[PDB]
Protein chains: 2
Amino acid sequence: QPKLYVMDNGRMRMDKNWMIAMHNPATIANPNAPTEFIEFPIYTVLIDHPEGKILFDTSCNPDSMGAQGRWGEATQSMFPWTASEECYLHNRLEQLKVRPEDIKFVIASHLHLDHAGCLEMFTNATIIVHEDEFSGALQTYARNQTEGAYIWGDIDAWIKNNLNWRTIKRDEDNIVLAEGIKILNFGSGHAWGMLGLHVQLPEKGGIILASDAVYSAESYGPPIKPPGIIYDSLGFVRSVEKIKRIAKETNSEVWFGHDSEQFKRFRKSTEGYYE
Amino acid sequence: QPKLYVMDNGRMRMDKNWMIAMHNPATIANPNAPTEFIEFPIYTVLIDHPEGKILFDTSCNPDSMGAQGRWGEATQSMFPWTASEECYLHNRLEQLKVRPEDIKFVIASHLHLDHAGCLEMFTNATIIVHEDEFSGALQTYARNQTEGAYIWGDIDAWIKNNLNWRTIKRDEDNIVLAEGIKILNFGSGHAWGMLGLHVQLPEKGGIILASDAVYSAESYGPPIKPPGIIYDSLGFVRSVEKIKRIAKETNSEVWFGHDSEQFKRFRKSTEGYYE
Ligand SMILES: [Co+2]
Ligand SMILES: [Co+2]
Ligand SMILES: [Co+2]
């Protein structure tokens, strides 16, 4: 019988306009409306499953921040990540007696800086990613980009570590990984290719791991509120409505990528698990 | 030998984040980055062509602003329009001794509040609009929305006044209206359905009227910088690159929807015309 762990991998801050587009627009009375710098959790999910350990997302690389960090200067100042050492993925896994080598499957929701940071560690896993997301990230790597949400140094390491990739084709959906574990293909929206996960736990029932397909309850609505910069705005909305439909049809809880208040109510890996 | 006039129809102000998404994002050094209320012009173009007069866009309705205005309260405070009576479209057309009934074709780039405000004056003209733009605005009407970029009161009057609509089908493109005058179908992007115009003038050469498909030189780039909220982001980028391609292949100049510095340099209808 599977156990599912929520691992706390620190906090990030950014302009709220990135999370909720035009959340507070200028008006005649407030022509110089100040934005704000919200904080939100970064997290990862481990499913300790009889058929093999599954990891959903991988958080940020420990070498992300600082003068010698992988993230570019402007990226560090716009999306600072604060994490104590216990928050690093390898530490969180170690405290559960789980070594990187023990992971059979890693689902990369997408290849942004806060979800793909530690892919390089899982050299024995099959790494599951959307084919267009994989293609889009590799192109940014070939153009040698120092700034942005795709980290050159992270991608460099994935290639050097020769990860065993399995790309999800753009017309593939509902891919059964193990009993009660199903990959959901949301396609393009927030990024080129978003994957989610549906988990059926014997006791707790259905869970949908949405990652950045839905940032928060405010994004989810109604009304649906899209992020400030969006790759495929139509796809984004269509993906949110697909999540809602699946949630309703399967009586599933939806776990957002970065909701401070939802995350607060999760039992974390320091305290236990869901079964 | 056709003449082309540029009619100044006033100025509008709004949060710059509407024009250029995430122009000045929050940082650690500046967590409450203030936005800015920017000013830009609203304008329309009349082509005096021997085969018939042609109007491109129609600015805002004189009854838009104020306590009794058609624009919702929030809309007025986020997108205030300023204009003296001489800026009104019926007054610009009068100063040129052209009567609304003379106009053979009115091109509605799209049906937003600052481009479709005076469609109701043109009861004899053929009103050309993208079929999905028409559908979309009509839905907002049926839903009685009092706020937003589609104006319930304006749509009301279009229906009351029984306009002669010609919808451009979503697969139609390069529709010849008269010698040297061609409708360009950009499709979804900024709105559900964008139309531009290509104008071949004997002396001045090629002119592309982009309207809201490209706000300004900063939007055009490169790099292309999208608006802050955007209906169809992929569509938006596709249309800009189509505008670039056509401008290159025809050696045409691109007239943006709302570029202050470009507009400053145009020859207004008070001073003369292009030929
Ligand atoms: Co992301
Ligand atoms: Co994220
Ligand atoms: Co406009």
Side-chain angles (χ1 to χ4, degrees), chain B residues 1-9 43-59 89 92-110 115-116 118-119 121-131 133-134 163-187 193-214 239 242-257 262-263 265-275:
Chain B
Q1 305 319 42
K3 317 200 222 277
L4 183 149
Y5 309 72
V6 173
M7 294 169 282
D8 180 351
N9 298 129
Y43 78 89
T44 46
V45 172
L46 160 66
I47 291 92
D48 191 358
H49 201 270
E51 290 188 65
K53 273 171 194 72
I54 301 162
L55 193 64
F56 181 84
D57 283 346
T58 65
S59 71
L89 176 66
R92 291 291 185 203
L93 287 177
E94 193 188 356
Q95 295 154 219
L96 294 175
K97 306 164 175 191
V98 171
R99 216 122 271 98
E101 306 90 52
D102 289 341
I103 308 292
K104 195 176 200 219
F105 294 109
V106 181
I107 314 306
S109 65
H110 59 314
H115 301 268
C118 305
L119 290 185
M121 298 165 43
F122 307 102
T123 45
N124 279 136
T126 295
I127 312 304
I128 292 159
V129 64
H130 192 293
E131 69 170 322
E133 186 68 5
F134 200 43
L163 305 185
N164 306 107
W165 297 98
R166 189 195 164 187
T167 51
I168 302 302
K169 299 305 163 286
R170 73 185 63 83
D171 290 322
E172 274 184 299
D173 197 6
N174 300 135
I175 308 90
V176 187
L177 225 56
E179 175 180 318
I181 304 281
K182 188 173 284 159
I183 289 156
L184 310 172
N185 180 1
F186 307 139
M194 304 291 296
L195 305 176
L197 209 51
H198 188 257
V199 176
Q200 195 58 36
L201 298 186
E203 316 297 335
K204 167 89 184 191
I207 281 175
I208 285 166
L209 307 173
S211 180
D212 282 349
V214 191
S239 302
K242 174 180 186 166
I243 289 166
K244 284 184 198 293
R245 168 180 71 71
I246 291 168
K248 202 177 226 283
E249 290 176 350
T250 67
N251 190 48
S252 292
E253 190 175 341
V254 177
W255 289 14
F256 307 123
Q262 190 186 44
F263 182 74
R265 306 189 182 6
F266 280 148
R267 183 144 31 214
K268 314 312 186 293
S269 57
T270 40
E271 310 143 21
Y273 54 93
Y274 295 84
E275 23 176 3

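Order of the sequence lines fixes the chain letters, A, B, ..., with proteins taken first and strands second; residue numbering starts at 1 for each chain. Below, all heavy atoms of this structure are taken into account, side chains as well, without hydrogens, waters or symmetry copies.
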Check your understanding: So, does B:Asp212 use its side chain to make a donor-acceptor pair with the main chain of B:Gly257 at under 3.5 Å?
Key -> no
Does B:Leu195 reach the side chain of B:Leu184, with side-chain heavy atoms less than 4.5 Å apart? no
dist B:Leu4:CG -> B:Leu197:CG (nearest 0.5 Å) comes out at 9.0 Å
_For the residue pair B:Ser252 / B:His198, report whether a side-chain donor-acceptor contact shorter than 3.5 Å exists._
yes
Taken to the nearest 0.5 Å, the spacing of B:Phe186 CZ from B:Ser211 OG works out to 9.0 Å
message: Quick one, B:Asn164 and B:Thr123 - any side-chain contact, counting heavy atoms below 4.5 Å?
response: no
Between B:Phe256 and B:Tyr43, the two heavy atoms sitting closest are O-OH, 2.6 Å
Check your understanding: Hey, is the main chain of B:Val254 close enough, under 3.5 Å, to the side chain of B:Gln262 for a donor-acceptor pair?
Key -> yes
Evaluate the criterion side chain to side chain contact (heavy atoms under 4.5 Å, CB included) for residue pair B:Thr270 and B:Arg92; output intermediate values, then yes/no. CA-CA 9 Å; B:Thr270 40; B:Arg92 291 291 185 203; 3.7 Å; yes
The reported gap from CG in B:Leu55 to CZ in B:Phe105 (rounded to nearest 0.5 angstrom) is 13.0 Å
Honestly, is B:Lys268 close enough over B:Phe263, meaning NZ or CZ under 6.0 Å from the six-membered ring centre and within 45° of the axis?
yes
B:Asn9 and B:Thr44: side chain donor to acceptor below 3.5 Å: yes
Value for CG (B:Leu89) from CG (B:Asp8), rounded to nearest 0.5 Å, stands at 11.5 Å
Distance col, row B:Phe122:CZ vs B:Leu163:CG, nearest 0.5 angstrom, shows 10.0 Å
- Task: Measure the shortest side-chain to side-chain distance between B:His49 and B:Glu179 over non-hydrogen atoms and say whether it is less than 4.5 angstrom.
- Result: yes
- Give a yes or no answer on whether the side chain of B:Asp57 reaches the backbone of B:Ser109 with a donor-acceptor pair at less than 3.5 Å. yes
In this structure, CD of B:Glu133 is separated from CD1 of B:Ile168 (nearest 0.5 Å) by 13.0 Å
Checklist entry - Side chains of B:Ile128 and B:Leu177: does their closest heavy-atom pair fall under 4.5 Å? => result yes
Answer with yes or no after comparing the ring centroid distance for B:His130 and B:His110 against a 6.0 Å cut-off, counting only values under it. no
- Any donor and acceptor pair, going by atom type alone, linking the side chain of B:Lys169 with main-chain N or O of B:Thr167 inside 3.5 Å? yes
ask   = Do the side chains of B:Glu131 and B:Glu172 get nearer than 4.5 Å, heavy atoms only?
value = no
Requested in this report: Answer whether the closest heavy-atom distance between the side chains of B:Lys53 and B:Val98 falls below 4.5 Å.
Outcome: yes
Find out whether the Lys NZ or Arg CZ of B:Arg267 is both under 6.0 angstrom from the six-membered ring centre of B:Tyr273 and within 45° of the ring's axis. no
